[PDB]
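Note: hydrogens, waters and symmetry copies are ignored here, and every other heavy atom, side chains too, is used. Quick note: residue numbers are just sequence positions, from 1.
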Amino acid sequence: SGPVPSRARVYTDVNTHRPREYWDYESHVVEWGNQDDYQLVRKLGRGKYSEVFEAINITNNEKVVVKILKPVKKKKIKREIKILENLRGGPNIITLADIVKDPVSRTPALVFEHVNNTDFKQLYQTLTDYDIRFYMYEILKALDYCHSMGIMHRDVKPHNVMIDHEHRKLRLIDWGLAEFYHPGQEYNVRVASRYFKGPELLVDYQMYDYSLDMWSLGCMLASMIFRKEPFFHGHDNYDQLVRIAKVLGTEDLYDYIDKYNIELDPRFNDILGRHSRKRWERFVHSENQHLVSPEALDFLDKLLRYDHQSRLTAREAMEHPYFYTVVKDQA
Ligand SMILES: CC(=O)Nc1cc(Nc2cc(NC3CC3)n3nccc3n2)ccc1C
């Protein structure tokens, strides 16, 4: 027998209530700017589907980030553009400034607002208890917004969070894996980086929703408060679920499998074993205790659930006691 269907607990029908054009990205026509407005300054890095550069817009002298695409299906390019245009102006959402057609590569190049990022491998070792709560609340503003707008990011991880610490400015970037949520839709499970993949992806449960981003956020919170990067360190996608089971326990995992009538890959049988649910205290030591409090642990536990339906929504997460001083300081 097949798996039990699932629906998002919140923002379930927001795309159904919108005109077809909002989410029907295959019919989206791309609006092209002038490629001569931009002069590349230097390379910043690379991605699976791109090469990214710092550039100067020669019409206004503004610094921009240019993402020149590698060959990618036209519908996937239209999807990222549509999602970016839909989320434009949203809290802590990266701004897509322009779309141009590269002359050498003949591919599109997406032009973004520049963020003066403080590299995560250097920034995280300086963050206080307050900074983690502050930036976690800022990520939640972006997530509650994109979820309310019927979009799942599906690639939440430290590298997709640009922080200008000096200006306490955060932007959630790289919407290249983002999708529109539609009740009853089965999505590709081959999304996100290994360490941030939700149990639904690892067990091949396709009818997932916004709650997938909440698991990714929990992985990020666990890595920050415990100073353990990555928190769930799998050797591959199968071992990734084993790393989760050694912390969350195998009992809740088999309960989750049973609830949704998920047929487990036979490989999993011999590697999952039997594991008790651990207490968060075993990850606490003299070097991370200043970032760990009962509020942090209670909040973390409520994010890292096998059952996607039982994880906090971004809005419920914002109401958690862990953020009381951040909320009070923002008012
Ligand atoms: C466009 C996109 O999402 N792809 C992406 C981006 C990067 N890298 C940066 C670097 C900076 N800022 C420089 C100071 C570090 N910014 N700023 C705003 C956005 C952005 N992106 C690397 C790799 C990829 C794939």
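Checking side-chain atoms of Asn261 against main-chain N and O of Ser1 turns up a donor-acceptor pair under 3.5 Å. Judged purely by atom type and a 3.5 angstrom limit, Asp102 uses its side chain to pair as donor or acceptor with the backbone of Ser105. Put simply, the side chain of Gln240 gets close to the backbone of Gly234: a donor and an acceptor are under 3.5 Å apart. At distances below 3.5 Å, not a single donor-acceptor pair connects side-chain atoms of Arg79 with backbone N or O atoms of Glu179. A donor-acceptor pair under 3.5 Å is formed between the side chain of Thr250 and the backbone N or O of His275. Here the side chain of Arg311 pairs a donor or acceptor atom with the backbone of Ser211 at under 3.5 angstrom. Judged by distance alone, the side chain of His167 and the main-chain N or O of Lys169 form no donor-acceptor pair under 3.5 Å. With hydrogens and angles disregarded, a donor-acceptor distance shorter than 3.5 Å links the side chain of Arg154 to the backbone of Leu177. With hydrogens and angles ignored, the 3.5 Å screen pairs no side-chain donor or acceptor of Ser223 with any backbone N or O of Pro230.
Here the straight-line distance linking atom CG of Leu40 with atom NZ of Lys43 works out to 10.0 Å at 0.5 Å rounding. Between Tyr306 atom OH and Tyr254 atom OH the span is 9.5 Å, to the nearest 0.5 Å. Going from atom CG of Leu84 over to atom OG1 of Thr95 covers 9.0 Å, rounded to the nearest 0.5 Å. Interatomic distance, NZ of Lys157 versus NZ of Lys197, reported as 10.0 Å (0.5 Å rounding). Atom-to-atom distance recorded for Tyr322:OH and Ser293:OG is 6.5 Å, nearest 0.5 angstrom. For the atom pair NE2 of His233 and CZ of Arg194, the computed distance is 8.5 Å after rounding to the nearest 0.5 Å.
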Take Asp239 and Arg243 through the test salt bridge (charged side-chain N to carboxylate O under 4.0 Å, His left out) and record every step on the way to the result. CA-CA 6 Å; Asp239 186 53; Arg243 298 294 147 118; 3.1 Å; yes
List the steps and the verdict of side-chain contact (heavy atoms from CB on, under 4.5 Å) for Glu200 and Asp204. CA-CA 6 Å; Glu200 57 268 59; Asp204 194 21; over 6 Å; no
Apply the test side chain to side chain donor-acceptor pair (under 3.5 Å) to residues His182 and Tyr187: give CA-CA distance (whole Å), side-chain angles for both, the deciding distance (0.1 Å), then the verdict. CA-CA 10 Å; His182 299 298; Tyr187 296 94; 5.3 Å; no
Worked verdict on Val161 versus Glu138 for side-chain contact (heavy atoms from CB on, under 4.5 Å): CA-CA 10 Å; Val161 178; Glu138 294 305 306; over 6 Å; no
Evaluate side-chain contact (heavy atoms from CB on, under 4.5 Å) for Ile225 paired with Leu297, printing each intermediate quantity in order. CA-CA 9 Å; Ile225 68 168; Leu297 295 191; 3.9 Å; yes
Set out, in order, the CA-CA distance, both residues' side-chain angles and the distance that settles side-chain contact (heavy atoms from CB on, under 4.5 Å) for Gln330 and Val326, then state yes or no. CA-CA 6 Å; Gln330 286 186 17; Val326 169; 3.7 Å; yes
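Remark: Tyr49 OH is loosely packed, at most 12 non-hydrogen atoms of other residues, nucleotides or ligands lying under 6.0 Å away. Atom CD of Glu251 is surrounded by 12 or fewer heavy atoms from other residues, nucleotides or ligands within 6.0 Å. Crowding of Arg277 atom CZ: a count of heavy atoms from other residues, nucleotides or ligands under 6.0 Å not exceeding 12. In this structure, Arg46 places its CZ atom where only 12 or fewer heavy-atom neighbours from other residues, nucleotides or ligands lie under 6.0 Å away. No more than 12 heavy atoms of other residues, nucleotides or ligands sit less than 6.0 Å from atom CG of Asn61. Within 6.0 Å of NZ in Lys74 there are 12 or fewer heavy atoms belonging to other residues, nucleotides or ligands.
Residues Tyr11 and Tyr181 place their aromatic rings such that the two centres sit no closer than 6.0 Å. If you look at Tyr195 and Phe232, their ring centroids are not closer than 6.0 Å. Residues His308 and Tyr260 place their aromatic rings such that the two centres sit under 6.0 Å apart. Separation of the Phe180 and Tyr22 ring centroids falls under the 6.0 Å cut-off.
Under the salt bridge (charged side-chain N to carboxylate O under 4.0 Å, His left out) criterion, the residue pairs touching residues 57-73 are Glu51-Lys70, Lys67-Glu80, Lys67-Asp174, with sequence neighbours excluded. Listed by first and then second residue, the salt bridge (charged side-chain N to carboxylate O under 4.0 Å, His left out) pairs involving residues 252-272 are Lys259-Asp307 (not counting sequence neighbours).
Taking the charged nitrogens against the carboxylate oxygens, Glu26 and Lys78 have no contact shorter than 4.0 Å, which rules out a salt bridge. Ion pairing between a basic and an acidic side chain is recognised when a charged N comes within 4.0 Å of a carboxylate O; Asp301 and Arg305 show such pairing.
In the hydrophobic clustering of this structure, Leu304 groups with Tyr256; members are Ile, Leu, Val, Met, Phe, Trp, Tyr whose side-chain heavy atoms approach within less than 4.5 Å, directly or through other members. Hydrophobic clustering places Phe231 together with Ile132 (ILVMFWY residues linked when any side-chain heavy atoms are closer than 4.5 Å, directly or through intermediates). Linking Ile, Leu, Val, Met, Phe, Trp and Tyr residues whenever their side-chain heavy atoms come within less than 4.5 Å places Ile139 and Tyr130 in a single cluster. Cluster membership check: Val156 shares its hydrophobic cluster with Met149, using side-chain heavy-atom separations under 4.5 Å among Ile, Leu, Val, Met, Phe, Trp and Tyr. Cluster annotation: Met207 is not connected to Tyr210 through the hydrophobic network of ILVMFWY side chains, with a link wherever side-chain heavy atoms come within less than 4.5 Å.
Here the closest heavy-atom approach between residue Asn86 and residue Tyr145 is recorded as O-OH, 4.5 Å. The minimum heavy-atom distance linking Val284 with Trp280 is given by the pair CG2-O, 3.7 Å. The shortest non-hydrogen separation linking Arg7 to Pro5 is NH2-CB, 3.5 Å. The heavy-atom pair separating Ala317 from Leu312 by the smallest distance is CA-CD1, 3.9 Å.
Stacking of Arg227 on the aromatic ring of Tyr124 is not recorded, the 6.0 Å distance cut-off and the 45° axial limit not both being met. The side-chain tip of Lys82 does not point at the ring of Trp23 from less than 6.0 angstrom away and within 45° of straight on.
With hydrogens and angles left out, the side-chain atoms of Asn160 and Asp155 include a donor and acceptor closer than 3.5 Å. Side-chain N/O atoms of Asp213 and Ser216 include no donor and acceptor closer than 3.5 Å. Side chains of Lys121 and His159: a donor on one and an acceptor on the other come within 3.5 Å. Under 3.5 Å, the side chains of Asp144 and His147 contain no donor-acceptor pair of N or O atoms. Between the side chains of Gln309 and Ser6, at least one donor N or O sits under 3.5 Å from an acceptor N or O.
Checked options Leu212, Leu172, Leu217; the residue passing with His153 is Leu172 (criterion: side chain to side chain contact (heavy atoms under 4.5 Å, CB included)). Evaluated for a side chain to side chain contact (heavy atoms under 4.5 Å, CB included) with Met214, the options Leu140, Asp209, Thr313 yield exactly one hit, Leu140.
Ring planes of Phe299 and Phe323: perpendicular class, angle over 60° (limits at 30 and 60°).
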